[PDB]
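start_37.pdb (PDB, C-alpha atoms)
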```pdb
MODEL        1
ATOM      1  CA  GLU A   1      24.459 -47.820 -23.343
ATOM      2  CA  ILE A   2      20.804 -49.005 -23.122
ATOM      3  CA  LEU A   3      19.218 -50.920 -20.129
ATOM      4  CA  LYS A   4      15.410 -51.063 -19.413
ATOM      5  CA  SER A   5      13.025 -49.668 -22.081
ATOM      6  CA  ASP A   6       9.436 -49.488 -23.418
ATOM      7  CA  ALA A   7       8.750 -45.849 -24.352
ATOM      8  CA  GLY A   8      12.074 -44.745 -22.771
ATOM      9  CA  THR A   9      15.634 -46.104 -22.692
ATOM     10  CA  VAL A  10      18.058 -45.870 -19.790
ATOM     11  CA  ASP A  11      21.566 -45.278 -21.093
ATOM     12  CA  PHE A  12      24.604 -45.979 -18.948
ATOM     13  CA  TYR A  13      27.861 -45.077 -20.598
ATOM     14  CA  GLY A  14      31.395 -43.819 -20.230
ATOM     15  CA  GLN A  15      34.955 -43.521 -21.512
ATOM     16  CA  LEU A  16      37.967 -44.741 -19.641
ATOM     17  CA  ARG A  17      40.876 -42.857 -21.041
ATOM     18  CA  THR A  18      44.516 -42.813 -20.239
ATOM     19  CA  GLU A  19      46.341 -39.818 -21.492
ATOM     20  CA  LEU A  20      50.100 -39.085 -21.465
ATOM     21  CA  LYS A  21      50.944 -35.466 -22.253
ATOM     22  CA  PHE A  22      54.556 -34.327 -22.742
ATOM     23  CA  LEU A  23      54.399 -30.504 -22.694
ATOM     24  CA  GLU A  24      57.661 -28.547 -23.209
ATOM     25  CA  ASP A  25      60.233 -28.295 -20.420
ATOM     26  CA  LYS A  26      58.108 -30.109 -17.793
ATOM     27  CA  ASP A  27      57.851 -33.719 -16.697
ATOM     28  CA  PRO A  28      55.797 -36.270 -18.622
ATOM     29  CA  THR A  29      52.373 -36.486 -17.035
ATOM     30  CA  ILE A  30      49.982 -39.461 -17.132
ATOM     31  CA  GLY A  31      46.386 -40.008 -16.013
ATOM     32  CA  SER A  32      42.933 -41.500 -16.508
ATOM     33  CA  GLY A  33      42.034 -37.762 -16.376
ATOM     34  CA  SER A  34      39.227 -36.809 -18.827
ATOM     35  CA  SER A  35      37.765 -40.291 -18.289
ATOM     36  CA  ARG A  36      34.125 -40.240 -17.437
ATOM     37  CA  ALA A  37      30.968 -42.137 -16.980
ATOM     38  CA  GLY A  38      27.311 -41.341 -16.747
ATOM     39  CA  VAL A  39      23.751 -42.381 -17.083
ATOM     40  CA  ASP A  40      21.018 -40.974 -19.285
ATOM     41  CA  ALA A  41      17.310 -41.762 -19.356
ATOM     42  CA  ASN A  42      14.513 -41.197 -21.814
ATOM     43  CA  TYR A  43      10.717 -41.310 -21.794
ATOM     44  CA  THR A  44       8.195 -40.375 -24.451
ATOM     45  CA  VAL A  45       4.687 -39.278 -23.571
ATOM     46  CA  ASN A  46       2.385 -37.890 -26.384
ATOM     47  CA  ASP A  47       3.105 -37.026 -29.998
ATOM     48  CA  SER A  48       6.790 -35.968 -30.081
ATOM     49  CA  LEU A  49       7.165 -34.972 -26.414
ATOM     50  CA  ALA A  50       9.703 -36.680 -24.163
ATOM     51  CA  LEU A  51      12.533 -36.295 -21.713
ATOM     52  CA  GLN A  52      16.097 -37.260 -20.995
ATOM     53  CA  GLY A  53      18.025 -37.179 -17.734
ATOM     54  CA  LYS A  54      21.743 -37.163 -18.580
ATOM     55  CA  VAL A  55      24.197 -36.998 -15.652
ATOM     56  CA  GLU A  56      27.977 -37.403 -15.953
ATOM     57  CA  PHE A  57      30.901 -37.928 -13.543
ATOM     58  CA  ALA A  58      34.719 -37.621 -13.544
ATOM     59  CA  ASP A  59      37.523 -37.278  -7.206
ATOM     60  CA  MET A  60      33.973 -37.865  -8.608
ATOM     61  CA  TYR A  61      32.810 -34.399  -9.788
ATOM     62  CA  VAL A  62      29.864 -33.654 -12.190
ATOM     63  CA  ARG A  63      30.498 -32.578 -15.827
ATOM     64  CA  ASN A  64      26.791 -32.586 -16.881
ATOM     65  CA  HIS A  65      23.420 -32.308 -14.974
ATOM     66  CA  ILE A  66      20.861 -32.351 -17.811
ATOM     67  CA  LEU A  67      17.064 -32.364 -17.290
ATOM     68  CA  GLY A  68      15.749 -31.941 -20.808
ATOM     69  CA  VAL A  69      12.438 -31.731 -22.613
ATOM     70  CA  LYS A  70      12.203 -32.966 -26.169
ATOM     71  CA  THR A  71       9.197 -31.085 -27.645
ATOM     72  CA  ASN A  72       6.848 -30.938 -30.658
ATOM     73  CA  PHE A  73       9.391 -28.775 -32.544
ATOM     74  CA  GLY A  74      12.649 -28.313 -30.517
ATOM     75  CA  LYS A  75      14.417 -29.471 -27.325
ATOM     76  CA  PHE A  76      15.000 -27.487 -24.118
ATOM     77  CA  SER A  77      17.539 -28.741 -21.609
ATOM     78  CA  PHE A  78      18.176 -27.248 -18.199
ATOM     79  CA  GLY A  79      21.127 -27.925 -15.918
ATOM     80  CA  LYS A  80      24.927 -27.998 -15.976
ATOM     81  CA  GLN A  81      26.127 -28.279 -19.561
ATOM     82  CA  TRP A  82      28.766 -27.486 -22.077
ATOM     83  CA  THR A  83      28.322 -24.121 -23.702
ATOM     84  CA  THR A  84      26.437 -24.216 -26.978
ATOM     85  CA  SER A  85      29.604 -22.859 -28.729
ATOM     86  CA  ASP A  86      31.580 -25.825 -27.371
ATOM     87  CA  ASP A  87      29.020 -28.221 -28.902
ATOM     88  CA  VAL A  88      29.309 -26.257 -32.166
ATOM     89  CA  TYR A  89      33.137 -25.847 -31.635
ATOM     90  CA  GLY A  90      35.017 -25.420 -34.995
ATOM     91  CA  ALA A  91      38.054 -26.722 -36.911
ATOM     92  CA  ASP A  92      40.061 -28.421 -34.212
ATOM     93  CA  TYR A  93      40.302 -32.157 -34.964
ATOM     94  CA  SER A  94      43.020 -32.656 -32.370
ATOM     95  CA  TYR A  95      43.044 -34.939 -29.351
ATOM     96  CA  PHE A  96      45.445 -32.909 -27.167
ATOM     97  CA  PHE A  97      46.738 -29.488 -28.228
ATOM     98  CA  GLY A  98      44.581 -27.671 -30.791
ATOM     99  CA  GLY A  99      41.563 -25.424 -30.106
ATOM    100  CA  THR A 100      43.427 -22.090 -29.989
ATOM    101  CA  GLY A 101      41.393 -20.647 -32.834
ATOM    102  CA  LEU A 102      38.200 -20.769 -30.867
ATOM    103  CA  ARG A 103      37.493 -17.848 -28.547
ATOM    104  CA  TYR A 104      34.232 -18.659 -26.656
ATOM    105  CA  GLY A 105      36.035 -20.413 -23.803
ATOM    106  CA  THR A 106      38.407 -17.555 -22.951
ATOM    107  CA  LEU A 107      36.522 -17.074 -19.679
ATOM    108  CA  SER A 108      33.848 -19.725 -19.210
ATOM    109  CA  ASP A 109      35.568 -23.198 -19.156
ATOM    110  CA  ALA A 110      33.063 -24.038 -21.915
ATOM    111  CA  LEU A 111      30.958 -25.135 -18.910
ATOM    112  CA  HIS A 112      28.258 -22.867 -17.323
ATOM    113  CA  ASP A 113      26.087 -24.408 -14.607
ATOM    114  CA  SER A 114      22.551 -22.954 -14.452
ATOM    115  CA  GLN A 115      22.289 -23.015 -18.212
ATOM    116  CA  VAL A 116      19.327 -23.718 -20.506
ATOM    117  CA  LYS A 117      19.856 -24.817 -24.122
ATOM    118  CA  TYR A 118      17.574 -24.750 -27.180
ATOM    119  CA  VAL A 119      18.293 -27.220 -29.963
ATOM    120  CA  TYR A 120      16.083 -27.348 -33.018
ATOM    121  CA  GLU A 121      16.788 -29.601 -35.967
ATOM    122  CA  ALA A 122      15.085 -30.555 -39.218
ATOM    123  CA  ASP A 123      16.626 -30.667 -42.711
ATOM    124  CA  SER A 124      20.436 -30.128 -42.586
ATOM    125  CA  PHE A 125      19.607 -26.660 -41.170
ATOM    126  CA  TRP A 126      19.801 -26.607 -37.367
ATOM    127  CA  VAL A 127      19.532 -23.821 -34.858
ATOM    128  CA  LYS A 128      21.191 -24.179 -31.466
ATOM    129  CA  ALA A 129      21.144 -21.541 -28.686
ATOM    130  CA  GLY A 130      21.929 -21.195 -24.979
ATOM    131  CA  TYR A 131      21.338 -18.924 -21.972
ATOM    132  CA  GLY A 132      22.846 -18.874 -18.474
ATOM    133  CA  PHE A 133      21.007 -17.578 -15.388
ATOM    134  CA  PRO A 134      23.794 -15.892 -13.410
ATOM    135  CA  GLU A 135      22.370 -17.171 -10.090
ATOM    136  CA  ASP A 136      24.566 -15.369  -7.465
ATOM    137  CA  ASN A 137      25.967 -13.075 -10.295
ATOM    138  CA  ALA A 138      29.471 -14.482  -9.561
ATOM    139  CA  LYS A 139      28.341 -16.839 -12.362
ATOM    140  CA  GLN A 140      28.813 -15.380 -15.802
ATOM    141  CA  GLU A 141      26.238 -13.632 -17.908
ATOM    142  CA  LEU A 142      26.005 -15.941 -20.930
ATOM    143  CA  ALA A 143      24.003 -15.887 -24.137
ATOM    144  CA  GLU A 144      24.724 -17.824 -27.342
ATOM    145  CA  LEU A 145      23.028 -18.277 -30.711
ATOM    146  CA  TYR A 146      24.233 -20.484 -33.561
ATOM    147  CA  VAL A 147      22.932 -21.483 -37.002
ATOM    148  CA  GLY A 148      24.016 -24.203 -39.364
ATOM    149  CA  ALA A 149      23.432 -26.258 -42.483
ATOM    150  CA  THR A 150      24.994 -28.675 -44.986
ATOM    151  CA  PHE A 151      24.919 -28.744 -48.758
ATOM    152  CA  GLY A 152      26.247 -32.156 -49.886
ATOM    153  CA  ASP A 153      29.956 -32.189 -49.037
ATOM    154  CA  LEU A 154      30.158 -28.650 -47.439
ATOM    155  CA  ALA A 155      28.944 -28.369 -43.840
ATOM    156  CA  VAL A 156      28.639 -24.750 -42.814
ATOM    157  CA  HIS A 157      27.917 -23.164 -39.446
ATOM    158  CA  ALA A 158      27.926 -19.617 -38.038
ATOM    159  CA  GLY A 159      27.090 -18.068 -34.688
ATOM    160  CA  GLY A 160      28.380 -16.278 -31.651
ATOM    161  CA  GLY A 161      27.705 -15.224 -28.146
ATOM    162  CA  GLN A 162      28.750 -13.008 -25.324
ATOM    163  CA  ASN A 163      30.136 -14.039 -22.019
ATOM    164  CA  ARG A 164      30.780 -11.907 -18.899
ATOM    165  CA  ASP A 165      32.173 -12.801 -15.465
ATOM    166  CA  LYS A 166      31.839 -10.176 -12.780
ATOM    167  CA  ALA A 167      35.045 -11.100 -10.907
ATOM    168  CA  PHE A 168      37.274 -13.056 -13.254
ATOM    169  CA  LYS A 169      40.504 -13.887 -11.469
ATOM    170  CA  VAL A 170      43.485 -13.153 -13.636
ATOM    171  CA  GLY A 171      46.319 -13.490 -11.136
ATOM    172  CA  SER A 172      48.443 -11.879  -8.461
ATOM    173  CA  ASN A 173      51.018  -9.139  -8.193
ATOM    174  CA  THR A 174      53.353  -8.528  -5.231
ATOM    175  CA  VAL A 175      54.134  -4.956  -3.888
ATOM    176  CA  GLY A 176      57.393  -6.276  -2.401
ATOM    177  CA  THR A 177      55.465  -7.509   0.644
ATOM    178  CA  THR A 178      51.696  -7.125  -0.158
ATOM    179  CA  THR A 179      50.168  -9.639  -2.637
ATOM    180  CA  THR A 180      47.067  -8.147  -4.252
ATOM    181  CA  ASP A 181      45.092 -10.297  -6.749
ATOM    182  CA  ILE A 182      43.796  -9.088 -10.119
ATOM    183  CA  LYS A 183      40.048  -9.797 -10.352
ATOM    184  CA  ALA A 184      37.987  -7.753 -12.850
ATOM    185  CA  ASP A 185      34.629  -7.551 -14.606
ATOM    186  CA  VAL A 186      35.430  -8.684 -18.141
ATOM    187  CA  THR A 187      33.362  -9.603 -21.279
ATOM    188  CA  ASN A 188      34.093 -12.055 -24.125
ATOM    189  CA  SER A 189      32.321 -10.883 -27.270
ATOM    190  CA  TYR A 190      32.678 -13.603 -29.861
ATOM    191  CA  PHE A 191      31.347 -14.375 -33.357
ATOM    192  CA  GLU A 192      32.358 -17.228 -35.655
ATOM    193  CA  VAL A 193      31.893 -18.742 -39.099
ATOM    194  CA  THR A 194      33.045 -22.199 -40.102
ATOM    195  CA  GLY A 195      33.051 -24.540 -43.068
ATOM    196  CA  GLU A 196      33.799 -28.244 -43.200
ATOM    197  CA  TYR A 197      34.444 -29.847 -46.603
ATOM    198  CA  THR A 198      34.020 -33.698 -46.675
ATOM    199  CA  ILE A 199      35.508 -35.339 -49.796
ATOM    200  CA  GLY A 200      35.664 -39.113 -49.496
ATOM    201  CA  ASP A 201      38.599 -39.938 -47.207
ATOM    202  CA  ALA A 202      39.235 -36.266 -46.518
ATOM    203  CA  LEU A 203      37.983 -33.432 -44.405
ATOM    204  CA  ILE A 204      38.974 -29.778 -44.474
ATOM    205  CA  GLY A 205      37.783 -27.270 -41.907
ATOM    206  CA  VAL A 206      38.307 -23.549 -41.764
ATOM    207  CA  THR A 207      36.948 -21.525 -38.898
ATOM    208  CA  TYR A 208      36.931 -17.733 -38.599
ATOM    209  CA  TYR A 209      36.512 -16.511 -35.065
ATOM    210  CA  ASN A 210      36.507 -12.889 -33.790
ATOM    211  CA  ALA A 211      36.382 -11.989 -30.152
ATOM    212  CA  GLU A 212      36.683  -9.042 -27.886
ATOM    213  CA  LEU A 213      37.229  -8.573 -24.161
ATOM    214  CA  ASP A 214      36.796  -5.372 -22.087
ATOM    215  CA  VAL A 215      36.392  -4.250 -18.408
ATOM    216  CA  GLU A 216      33.575  -2.172 -16.738
ATOM    217  CA  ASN A 217      35.405   0.740 -15.129
ATOM    218  CA  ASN A 218      38.457   0.637 -17.330
ATOM    219  CA  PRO A 219      39.803   1.853 -20.684
ATOM    220  CA  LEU A 220      40.685  -1.453 -22.371
ATOM    221  CA  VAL A 221      40.324  -3.328 -25.715
ATOM    222  CA  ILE A 222      41.674  -6.684 -26.940
ATOM    223  CA  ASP A 223      40.652  -7.772 -30.494
ATOM    224  CA  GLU A 224      41.093 -11.582 -30.837
ATOM    225  CA  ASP A 225      40.987 -12.347 -34.619
ATOM    226  CA  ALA A 226      41.364 -16.083 -35.266
ATOM    227  CA  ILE A 227      41.623 -18.737 -37.922
ATOM    228  CA  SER A 228      41.918 -22.478 -38.022
ATOM    229  CA  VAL A 229      42.589 -24.966 -40.727
ATOM    230  CA  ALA A 230      42.747 -28.612 -40.307
ATOM    231  CA  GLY A 231      41.583 -31.901 -41.670
ATOM    232  CA  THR A 232      41.530 -35.671 -41.391
ATOM    233  CA  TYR A 233      42.677 -38.104 -44.023
ATOM    234  CA  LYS A 234      41.356 -41.625 -43.544
ATOM    235  CA  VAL A 235      44.521 -43.537 -44.633
ATOM    236  CA  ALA A 236      43.208 -46.999 -43.664
ATOM    237  CA  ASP A 237      39.727 -48.041 -42.591
ATOM    238  CA  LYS A 238      40.919 -48.302 -38.955
ATOM    239  CA  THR A 239      43.600 -45.619 -38.921
ATOM    240  CA  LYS A 240      43.271 -41.856 -39.460
ATOM    241  CA  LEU A 241      45.711 -38.998 -39.912
ATOM    242  CA  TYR A 242      45.102 -35.512 -38.678
ATOM    243  CA  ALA A 243      46.817 -32.209 -38.521
ATOM    244  CA  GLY A 244      45.942 -28.531 -38.191
ATOM    245  CA  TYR A 245      47.109 -24.946 -38.233
ATOM    246  CA  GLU A 246      45.644 -22.411 -35.858
ATOM    247  CA  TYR A 247      46.504 -18.726 -35.697
ATOM    248  CA  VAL A 248      45.283 -15.944 -33.423
ATOM    249  CA  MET A 249      46.410 -12.336 -33.331
ATOM    250  CA  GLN A 250      45.714  -9.892 -30.525
ATOM    251  CA  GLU A 251      45.471  -6.131 -31.194
ATOM    252  CA  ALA A 252      45.732  -3.932 -28.124
ATOM    253  CA  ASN A 253      43.981  -0.521 -28.350
ATOM    254  CA  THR A 254      47.125   0.623 -26.550
ATOM    255  CA  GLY A 255      49.556  -0.300 -29.362
ATOM    256  CA  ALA A 256      50.611  -3.816 -28.224
ATOM    257  CA  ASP A 257      50.661  -6.382 -31.067
ATOM    258  CA  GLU A 258      50.958 -10.065 -30.187
ATOM    259  CA  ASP A 259      49.918 -13.349 -31.769
ATOM    260  CA  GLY A 260      50.483 -17.115 -31.724
ATOM    261  CA  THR A 261      50.557 -20.191 -33.910
ATOM    262  CA  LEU A 262      49.736 -23.843 -33.281
ATOM    263  CA  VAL A 263      50.458 -26.732 -35.564
ATOM    264  CA  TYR A 264      49.185 -30.126 -34.556
ATOM    265  CA  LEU A 265      49.890 -33.305 -36.282
ATOM    266  CA  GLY A 266      48.813 -36.760 -35.215
ATOM    267  CA  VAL A 267      47.008 -40.045 -35.773
ATOM    268  CA  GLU A 268      44.041 -42.045 -34.426
ATOM    269  CA  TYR A 269      43.842 -45.842 -34.690
ATOM    270  CA  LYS A 270      40.385 -47.176 -34.055
ATOM    271  CA  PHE A 271      40.857 -50.772 -32.900
ATOM    272  CA  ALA A 272      37.068 -51.163 -32.459
ATOM    273  CA  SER A 273      34.072 -48.896 -31.793
ATOM    274  CA  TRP A 274      35.095 -48.780 -28.139
ATOM    275  CA  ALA A 275      38.884 -48.718 -28.406
ATOM    276  CA  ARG A 276      41.126 -46.152 -29.973
ATOM    277  CA  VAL A 277      44.589 -44.785 -29.450
ATOM    278  CA  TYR A 278      45.743 -41.394 -30.603
ATOM    279  CA  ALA A 279      49.180 -39.905 -30.894
ATOM    280  CA  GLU A 280      49.641 -36.194 -31.389
ATOM    281  CA  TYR A 281      52.311 -33.611 -31.750
ATOM    282  CA  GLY A 282      51.713 -29.965 -31.182
ATOM    283  CA  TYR A 283      54.141 -27.257 -32.135
ATOM    284  CA  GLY A 284      53.401 -23.769 -30.870
ATOM    285  CA  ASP A 285      54.700 -20.217 -30.280
ATOM    286  CA  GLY A 286      53.305 -16.900 -29.099
ATOM    287  CA  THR A 287      50.427 -15.686 -26.980
ATOM    288  CA  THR A 288      47.034 -17.058 -26.189
ATOM    289  CA  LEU A 289      44.601 -15.626 -23.714
ATOM    290  CA  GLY A 290      43.773 -19.227 -22.717
ATOM    291  CA  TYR A 291      41.645 -21.867 -24.413
ATOM    292  CA  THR A 292      40.009 -25.285 -24.193
ATOM    293  CA  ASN A 293      40.800 -28.388 -26.205
ATOM    294  CA  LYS A 294      37.399 -29.968 -26.545
ATOM    295  CA  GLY A 295      38.659 -33.469 -27.260
ATOM    296  CA  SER A 296      40.718 -33.932 -24.098
ATOM    297  CA  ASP A 297      38.793 -31.297 -22.097
ATOM    298  CA  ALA A 298      42.259 -29.889 -21.426
ATOM    299  CA  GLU A 299      41.267 -26.343 -20.292
ATOM    300  CA  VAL A 300      44.339 -24.085 -20.698
ATOM    301  CA  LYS A 301      45.083 -20.887 -18.764
ATOM    302  CA  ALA A 302      45.907 -17.635 -20.451
ATOM    303  CA  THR A 303      49.550 -17.730 -21.383
ATOM    304  CA  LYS A 304      52.480 -16.631 -23.503
ATOM    305  CA  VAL A 305      54.979 -19.205 -24.862
ATOM    306  CA  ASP A 306      58.124 -19.927 -26.883
ATOM    307  CA  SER A 307      58.734 -22.086 -29.931
ATOM    308  CA  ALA A 308      58.049 -25.387 -28.171
ATOM    309  CA  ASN A 309      57.210 -28.992 -28.955
ATOM    310  CA  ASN A 310      54.562 -31.054 -27.177
ATOM    311  CA  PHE A 311      53.515 -34.681 -27.701
ATOM    312  CA  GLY A 312      50.398 -36.498 -26.733
ATOM    313  CA  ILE A 313      49.531 -40.151 -26.652
ATOM    314  CA  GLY A 314      46.473 -41.728 -25.191
ATOM    315  CA  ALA A 315      43.877 -44.410 -25.506
ATOM    316  CA  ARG A 316      40.244 -44.735 -24.719
ATOM    317  CA  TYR A 317      37.782 -47.364 -23.856
ATOM    318  CA  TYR A 318      34.111 -46.554 -24.559
ATOM    319  CA  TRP A 319      31.026 -48.292 -23.250
TER     320      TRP A 319
ENDMDL
END
```
Now, as a test, write the supplied structure out as structure tokens.
Amino acid sequence: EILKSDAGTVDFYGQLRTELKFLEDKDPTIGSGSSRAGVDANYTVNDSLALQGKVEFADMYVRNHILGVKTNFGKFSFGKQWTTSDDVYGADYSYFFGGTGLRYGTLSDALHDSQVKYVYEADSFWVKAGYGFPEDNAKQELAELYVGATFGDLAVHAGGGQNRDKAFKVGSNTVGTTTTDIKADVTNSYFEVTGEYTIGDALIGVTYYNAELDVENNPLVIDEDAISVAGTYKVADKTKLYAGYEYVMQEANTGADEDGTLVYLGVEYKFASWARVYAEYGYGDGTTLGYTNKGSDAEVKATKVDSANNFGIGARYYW
């Protein structure tokens, strides 16, 4: 982390991972993928009024590009960032496969680029919010607002946001010999409520998430209604169990009724505060319109699947 300081520290940090996923009916895959490293700064001036320059890397691309102003009340950060709703997330405690209950990232990779984010804290009660300038307009229209609080053991948060790409690629279709693509103007209209109950060794999360997508010049409705339950039991001091049950159902305005279930189950040994393994088993079934697993950053395309088993092992090295 820290390097030179006086009124402002200069973080340098990162996480070497190595992840082995074993999705159904494919080869085992490996990789340092999701590994990252970056450098953050800080510098106070008057009162409570300071900055931070966080910049991340991960084939060295750029996951964050923050140029942020701590203020006399809140904080305002401008640059490439995770969506606010990805920071807030919900009840996925999984390292590999969960996150299907959470319907903000149906379009936007959880990762808009010309974004600006307002965080204000005080108390337990926090208020986070985010806006995206669609510079070009090919970039999505994005706006998010989120509240939260905590009352002893119960840590509650609600919020939502809307998300619209002008030309969201879906996929192809072939007219025998003429491959047209399917690229439409579509809008993710999401709202969520979550609770997290912390009781000694235990944790229990439930997250309610509603979403809706629809196209400009088109008669079309899809009502994502979602739920997640999950929790962590701390079975040793170093070890930790986790599992979770996610369920989303999708009502078409044109009759069609589909859904899909995910059960994860796994474990996380924490050797030290820079080492940890984690082994995970996802069972699934049914449709998703695509999601993002925050933990592994494993950003999954819209898809329909069978009763299938998937395993995940991987370790990390922090600095």
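Of the listed residues (A:170, A:129, A:236, A:186), A:236 comes nearest to residue 271 (chain A); the distances count all atoms listed in the file.
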So that each row is one residue of region 38-94 of chain A with an atom at most 12 Å from region 221-231 of chain A, can you give its shortest atom pair and the distance in Å to one decimal, using all atoms listed in the file, rows by chain and rising number, as CSV?
```
residue,atom,partner,partner_atom,distance
A:89,CA,A:228,CA,11.4
A:90,CA,A:228,CA,8.1
A:91,CA,A:228,CA,5.8
A:92,CA,A:230,CA,6.7
A:93,CA,A:231,CA,6.8
A:94,CA,A:230,CA,8.9
```
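CA of residue 55 (chain A) lies 15.7 Å from CA of residue 83 (chain A).
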Exercise. Taking the file as shown, what set of residues would the PyMOL selection byres ((chain A and resi 318) around 6) give back, as a PyMOL selection string?
Worked result: chain A and resi 14-15+274+317+319
Write out, as a PDB file, in the frame of the given file, the residues just selected, with C-alpha atoms.
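The new file selection.pdb reads:
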```pdb
ATOM      1  CA  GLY A  14      31.395 -43.819 -20.230  1.00  0.00           C
ATOM      2  CA  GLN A  15      34.955 -43.521 -21.512  1.00  0.00           C
ATOM      3  CA  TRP A 274      35.095 -48.780 -28.139  1.00  0.00           C
ATOM      4  CA  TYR A 317      37.782 -47.364 -23.856  1.00  0.00           C
ATOM      5  CA  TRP A 319      31.026 -48.292 -23.250  1.00  0.00           C
TER       6      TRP A 319
END
```
Take the PyMOL selection byres ((chain A and resi 110-126) around 7), run it mentally on this structure, and tell me the resulting residues as a PDB file with C-alpha atoms, in the coordinates of the input.
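Result went into selection-v2.pdb, see below:
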```pdb
ATOM      1  CA  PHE A  73       9.391 -28.775 -32.544  1.00  0.00           C
ATOM      2  CA  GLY A  74      12.649 -28.313 -30.517  1.00  0.00           C
ATOM      3  CA  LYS A  75      14.417 -29.471 -27.325  1.00  0.00           C
ATOM      4  CA  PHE A  76      15.000 -27.487 -24.118  1.00  0.00           C
ATOM      5  CA  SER A  77      17.539 -28.741 -21.609  1.00  0.00           C
ATOM      6  CA  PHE A  78      18.176 -27.248 -18.199  1.00  0.00           C
ATOM      7  CA  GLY A  79      21.127 -27.925 -15.918  1.00  0.00           C
ATOM      8  CA  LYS A  80      24.927 -27.998 -15.976  1.00  0.00           C
ATOM      9  CA  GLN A  81      26.127 -28.279 -19.561  1.00  0.00           C
ATOM     10  CA  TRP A  82      28.766 -27.486 -22.077  1.00  0.00           C
ATOM     11  CA  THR A  83      28.322 -24.121 -23.702  1.00  0.00           C
ATOM     12  CA  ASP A  86      31.580 -25.825 -27.371  1.00  0.00           C
ATOM     13  CA  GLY A 105      36.035 -20.413 -23.803  1.00  0.00           C
ATOM     14  CA  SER A 108      33.848 -19.725 -19.210  1.00  0.00           C
ATOM     15  CA  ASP A 109      35.568 -23.198 -19.156  1.00  0.00           C
ATOM     16  CA  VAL A 127      19.532 -23.821 -34.858  1.00  0.00           C
ATOM     17  CA  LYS A 128      21.191 -24.179 -31.466  1.00  0.00           C
ATOM     18  CA  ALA A 129      21.144 -21.541 -28.686  1.00  0.00           C
ATOM     19  CA  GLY A 130      21.929 -21.195 -24.979  1.00  0.00           C
ATOM     20  CA  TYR A 131      21.338 -18.924 -21.972  1.00  0.00           C
ATOM     21  CA  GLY A 132      22.846 -18.874 -18.474  1.00  0.00           C
ATOM     22  CA  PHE A 133      21.007 -17.578 -15.388  1.00  0.00           C
ATOM     23  CA  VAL A 147      22.932 -21.483 -37.002  1.00  0.00           C
ATOM     24  CA  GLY A 148      24.016 -24.203 -39.364  1.00  0.00           C
ATOM     25  CA  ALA A 149      23.432 -26.258 -42.483  1.00  0.00           C
ATOM     26  CA  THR A 150      24.994 -28.675 -44.986  1.00  0.00           C
TER      27      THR A 150
END
```
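Among the candidates A:275, A:256, A:88, A:184, the one nearest to residue 146 (chain A) when counting all atoms listed in the file is A:88.
Non-sequential neighbours of region 190-192 of chain A (distance at most 6 Å, separation of 3 or more positions within a chain, all atoms listed in the file) are residues 158, 159, 160, 161, 208, 209, 210 and 211 of chain A.
Reported to one decimal place, the separation of CA of residue 165 (chain A) from CA of residue 134 (chain A) is 9.2 Å.
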For this session: Quick one: apply the PyMOL selection byres ((chain A and resi 283-300) around 9) to the file and drop the selected residues here as a ChimeraX atom specification.
Result: /A:19,33-34,86-87,89,92-107,109-110,224,248-250,258-265,281-282,301-311
Problem set entry | Residues within 9 Å of residue 183 (chain A), all atoms listed in the file, excluding chain neighbours under 4 positions, as a list in words | residues 166, 167, 168, 169, 170, 171 and 172 of chain A
Export of the given selection (C-alpha atoms) as a PDB file, in the coordinates of the input:
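Written out: again.pdb:
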```pdb
ATOM      1  CA  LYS A 166      31.839 -10.176 -12.780  1.00  0.00           C
ATOM      2  CA  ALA A 167      35.045 -11.100 -10.907  1.00  0.00           C
ATOM      3  CA  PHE A 168      37.274 -13.056 -13.254  1.00  0.00           C
ATOM      4  CA  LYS A 169      40.504 -13.887 -11.469  1.00  0.00           C
ATOM      5  CA  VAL A 170      43.485 -13.153 -13.636  1.00  0.00           C
ATOM      6  CA  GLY A 171      46.319 -13.490 -11.136  1.00  0.00           C
ATOM      7  CA  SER A 172      48.443 -11.879  -8.461  1.00  0.00           C
TER       8      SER A 172
END
```
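Minimum atom-to-atom distance to residue 10 (chain A), evaluated using all atoms listed in the file, belongs to A:39 out of A:39, A:23, A:30, A:235.
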Exercise. Using all atoms listed in the file, which of A:193, A:3, A:37, A:45 sits nearest residue 58 (chain A)?
Worked result: A:37
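With only C-alpha atoms as the basis for measurement, A:185 is the residue among A:43, A:185, A:243, A:203 that approaches residue 218 (chain A) most closely.
We find CA of residue 196 (chain A) and CA of residue 234 (chain A) to be spaced 15.4 Å apart.
At a cut-off of 12 Å from (35.5, -45.4, -42.7), the residue set is residues 200, 201, 202, 232, 233, 234, 235, 236, 237, 238, 239, 240, 269, 270, 272 and 273 of chain A (counting all atoms listed in the file).
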Problem set entry | From A:174, A:213, A:314, A:142, residue lying nearest residue 187 (chain A) [only C-alpha atoms] | A:213
Write out as a PDB file with C-alpha atoms, keeping the file's coordinate frame the residues lying within 7 Å of residue 56 (chain A), counting only C-alpha atoms and excluding same-chain residues fewer than 4 positions away.
```pdb
ATOM      1  CA  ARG A  36      34.125 -40.240 -17.437  1.00  0.00           C
ATOM      2  CA  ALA A  37      30.968 -42.137 -16.980  1.00  0.00           C
ATOM      3  CA  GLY A  38      27.311 -41.341 -16.747  1.00  0.00           C
ATOM      4  CA  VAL A  39      23.751 -42.381 -17.083  1.00  0.00           C
ATOM      5  CA  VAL A  62      29.864 -33.654 -12.190  1.00  0.00           C
ATOM      6  CA  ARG A  63      30.498 -32.578 -15.827  1.00  0.00           C
ATOM      7  CA  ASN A  64      26.791 -32.586 -16.881  1.00  0.00           C
ATOM      8  CA  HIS A  65      23.420 -32.308 -14.974  1.00  0.00           C
TER       9      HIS A  65
END
```
For this session: Step by step: start from the point (5.4, -33.8, -30.0) in the file's coordinates, keep every protein, DNA or RNA residue that has an atom no farther than 12 Å from it, count all atoms listed in the file, and write the set as a PyMOL selection string.
Result: chain A and resi 44-51+69-75
